[PDB]
Every structure is written in C-alpha cells, then in structure tokens.
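This report concerns only the one structure given below.
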Amino acid sequence: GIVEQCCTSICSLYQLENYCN
Amino acid sequence: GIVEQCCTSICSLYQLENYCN
Amino acid sequence: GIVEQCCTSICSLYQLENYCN
Amino acid sequence: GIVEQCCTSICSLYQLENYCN
Amino acid sequence: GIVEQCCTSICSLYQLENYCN
Amino acid sequence: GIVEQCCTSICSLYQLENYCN
Amino acid sequence: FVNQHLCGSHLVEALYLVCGXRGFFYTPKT
Amino acid sequence: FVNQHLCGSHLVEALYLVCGXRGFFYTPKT
Amino acid sequence: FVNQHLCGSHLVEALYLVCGXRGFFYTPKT
Amino acid sequence: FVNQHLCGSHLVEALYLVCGXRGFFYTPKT
Amino acid sequence: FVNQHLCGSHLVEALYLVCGXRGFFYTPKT
Amino acid sequence: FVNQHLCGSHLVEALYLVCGXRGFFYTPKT
Ligand SMILES: [Cl-]
Ligand SMILES: [Zn+2]
Ligand SMILES: [Zn+2]
C-alpha cells in the first residue's frame, strides 16, 4: 500500500506517482 | 464537483463525508 | 487535557467536540 | 474580529499575540 | 517573482523546481 | 544547521530568526 | 476571481481527516 | 473521521474542521 | 469576494505557533 | 523532490502537488 | 482582490517538498 | 512563540510566519 511504501519507507517521486489517477 | 460545491462556499464535515471512499 | 486525550491517545470525533465552543 | 482584522489584511506575529490566551 | 508567477496562476512541480537552491 | 538547532533541539524565536533574510 | 488550487489543498487535507481509514479519491478535471 | 493520534498543528486544524462556526479552544494544559 | 474559511485555517495554525503553551480561543461568529 | 518519510496529511498534500490536474487516490489499505 | 499572504504559505510548503535536501530561499519584497 | 521541536514543513511555515516580509532561507545542511 501507499502508507508502507512512502510513509513506512521512503519512496521516490516516480513511486509517489503510482498513486495519481 | 467537490471543487465546485466546496470552494464556491463552505462545506461542513458532513457534506465532505459524501466524497469519501 | 486535550493533548493527553487526543494526541497521546486516540480520541473519537465526539471527544474532539468536547473542545468546541 | 480576528477574521475581520487579519483576513482583510496581513497580521504580523505581533498583532497575532493579541489573540492569545 | 514566484509570488507573481505562481499566485496569479497555478505553477506545476516542474515550474517550482526553478526556485530551488 | 537549522534542522539540528530547531528540529533536533528546541530553539527560541530569536534563534529561528537567525534564518530570516 | 477566487483560487481553486489553494482551495483544493485545503479540501484534500480535510478529506484525509474526514474519511479516515476509508480513504478517498480526489478528482478535479480530466 | 480519522482514528489516530492528532498532535500539534494537526490537532488544531482538526478542531477547526470539526467545530465549524462555533469555534473552539486549544489549551494544552494551561 | 475573498474567502474567510480558508483564511481561518491559516489563522488557527498561526495562533498555534504564536501562542505556544499559552493556548488560545478561536471564535468566528456565534 | 524530497527523499523522506511522507506520512498522514503530509503524504496527501504531496500527492496533491505531484499528481496535479489528474487527481489521485489515497487508500491506506482499504 | 486575491490574497498573496495565504498563497505564500502554500508556496513555501511546496518548495519544501520539491526542493528536498537542496533547500531554497523565499523572497517576497525587500 | 512555541517552544518545541519544529520539523519538516512545520519548520518552514514557522519561518514563513516569523520572518515575514524579509523572507528566509531553508537549507537543512546544503
Ligand atoms: Cl488559502
Ligand atoms: Zn490556504
Ligand atoms: Zn505534521
């Protein structure tokens, strides 16, 4: 999920964009 | 849209629950 | 106080409203 | 009110201390 | 300035990188 | 740096102002 | 003459608190 | 609504949203 | 044509920092 | 962009900024 | 009739995420 | 003013408020 990938661990801009519409 | 209904005028916590998942 | 009830511990919406005017 | 004095125009940290408890 | 270019109209993450250090 | 003085440790308003232009 | 962008920022922070573990989808235009 | 620890400025925005037009009071201990 | 609601959000976050452990009361209308 | 843990409302504002006009979805687990 | 002050607040939070460890300088007027 | 750890976007909004019209610089280490 997004919380585990970007909050519990650091995640790049690209990875953050996997959650855009 | 939410932007149309809530940025033209104040929406309460109650009107916002509408837009939840 | 509010810090101990809602920050140090989780507190429901009802409990959060005990701090409204 | 604070909304009247600070939203019509910018209030500094100093003008804001006024509204503190 | 940033205020002039980005508050008159929306700036993207890309237009904002411009103002970085 | 600012992170070590004001984030890693508490820092007064005066100290926070050492970072103003 | 108002500003939608700045309002959106407020809107999504509010939905975060309101929706909780239920989550939400934010969709402006296309 | 959310179900987690609301702290700092985050607890105040939460109060701002929930309380609405009645306003609220933020007093850590006072 | 400005917006009070969005301004309030900013106002209460500022009072949080400004007032510190002293706290404050936020009151708009009634 | 930043390179740290983005959590809570902070993760959502981040999504708000990055995604832009395409919007986004915030679903902790759902 | 818009408001620069409130916009600035948004601007500096965005630069914080965008610039990351690179940092930035915020300068309005003089 | 507050008397606690100001970190992340929170340290920047703090600078935004305190510094005012003179602006400021945010450089974690640089
Ligand atoms: Cl705003
Ligand atoms: Zn705003
Ligand atoms: Zn935070």
Side-chain angles (χ1 to χ4, degrees), chain A, chain B residues 1-7 10-21, chain C residues 6-7 9-17, chain E residues 13, chain G residues 4-30, chain H residues 1-20, chain I residues 5-6 9 13, chain J residues 1-2 4-30, chain K residues 10 13-14 16-17, chain L residues 8-10:
Chain A
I2 191 175
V3 172
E4 317 95 71
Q5 299 188 187
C6 301
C7 167
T8 308
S9 299
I10 293 178
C11 90
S12 73
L13 184 65
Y14 278 139
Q15 303 184 295
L16 199 73
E17 290 192 284
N18 288 159
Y19 304 102
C20 295
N21 295 320
Chain B
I2 184 173
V3 186
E4 290 66 64
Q5 164 181 43
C6 299
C7 294
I10 302 168
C11 280
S12 70
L13 169 89
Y14 300 98
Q15 294 169 294
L16 293 166
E17 294 181 57
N18 300 344
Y19 302 103
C20 290
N21 197 182
Chain C
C6 301
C7 167
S9 299
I10 293 178
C11 90
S12 73
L13 184 65
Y14 278 139
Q15 303 184 295
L16 199 73
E17 290 192 284
Chain E
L13 169 89
Chain G
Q4 279 202 172
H5 189 63
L6 301 180
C7 179
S9 169
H10 287 280
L11 286 175
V12 300
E13 270 190 40
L15 292 170
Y16 166 69
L17 300 169
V18 180
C19 305
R22 303 189 296 194
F24 58 99
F25 283 55
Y26 180 71
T27 69
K29 175 182 179 179
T30 307
Chain H
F1 203 78
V2 72
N3 184 56
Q4 281 309 322
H5 291 186
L6 293 175
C7 301
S9 53
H10 300 306
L11 168 47
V12 304
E13 281 301 306
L15 285 175
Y16 183 70
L17 164 54
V18 55
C19 299
Chain I
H5 189 63
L6 301 180
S9 169
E13 270 190 40
Chain J
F1 203 78
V2 72
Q4 281 309 322
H5 291 186
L6 293 175
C7 301
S9 53
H10 300 306
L11 168 47
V12 304
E13 281 301 306
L15 285 175
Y16 183 70
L17 164 54
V18 55
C19 299
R22 67 188 63 162
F24 65 84
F25 56 91
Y26 183 63
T27 56
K29 178 205 168 192
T30 186
Chain K
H10 287 280
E13 270 190 40
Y16 166 69
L17 300 169
Chain L
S9 53
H10 300 306

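Hydrogens, waters and symmetry mates are skipped; everything else that's a heavy atom, side chains included, is used. Reminder, nothing fancy here: chain letters follow the sequence lines and each chain counts from 1.
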Distance-only criterion, 3.5 Å: show the donor-acceptor pairs between side-chain atoms of residues 9-21 of chain A and protein atoms not counting sequence neighbours.
from: A/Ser12; atom 1: OG; to: A/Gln15; atom 2: N; distance (Å): 3.4
from: A/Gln15; atom 1: OE1; to: A/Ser12; atom 2: N; distance (Å): 2.8
from: A/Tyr19; atom 1: OH; to: A/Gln5; atom 2: NE2; distance (Å): 2.9
from: A/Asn21; atom 1: ND2; to: G/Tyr26; atom 2: O; distance (Å): 3.0
from: A/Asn21; atom 1: ND2; to: J/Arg22; atom 2: O; distance (Å): 2.9

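- Applying the side chain to side chain donor-acceptor pair (under 3.5 Å) test to L/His10 and every residue at least two apart in sequence or in another chain returns H/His10, J/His10.
- Residue J/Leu15 comes nearest to J/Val18 through the heavy atom pair O-CG1, 3.1 Å, listed as atom of the first residue, atom of the second, then distance.
- The nearest pair of heavy atoms linking B/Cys6 to G/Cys7 is O-SG, 4.2 Å.
- In this structure, NE2 on G/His5 lies 11.5 Å from SG on B/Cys7, to the nearest 0.5 angstrom.
- Scanning all heavy atoms of the two residues, the minimum distance from J/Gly23 to G/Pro28 falls at CA-CD, 3.8 Å.
- Residues meeting the side chain to side chain donor-acceptor pair (under 3.5 Å) test with H/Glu13, sequence neighbours left out: I/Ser9.
- Note that CG of G/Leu17 and CG of H/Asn3 are 12.5 Å apart. Values are rounded to the nearest 0.5 Å.
- Side-chain contact between J/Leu6 and J/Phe1: present, with at least one pair of heavy atoms (C-beta onward) separated by less than 4.5 Å.
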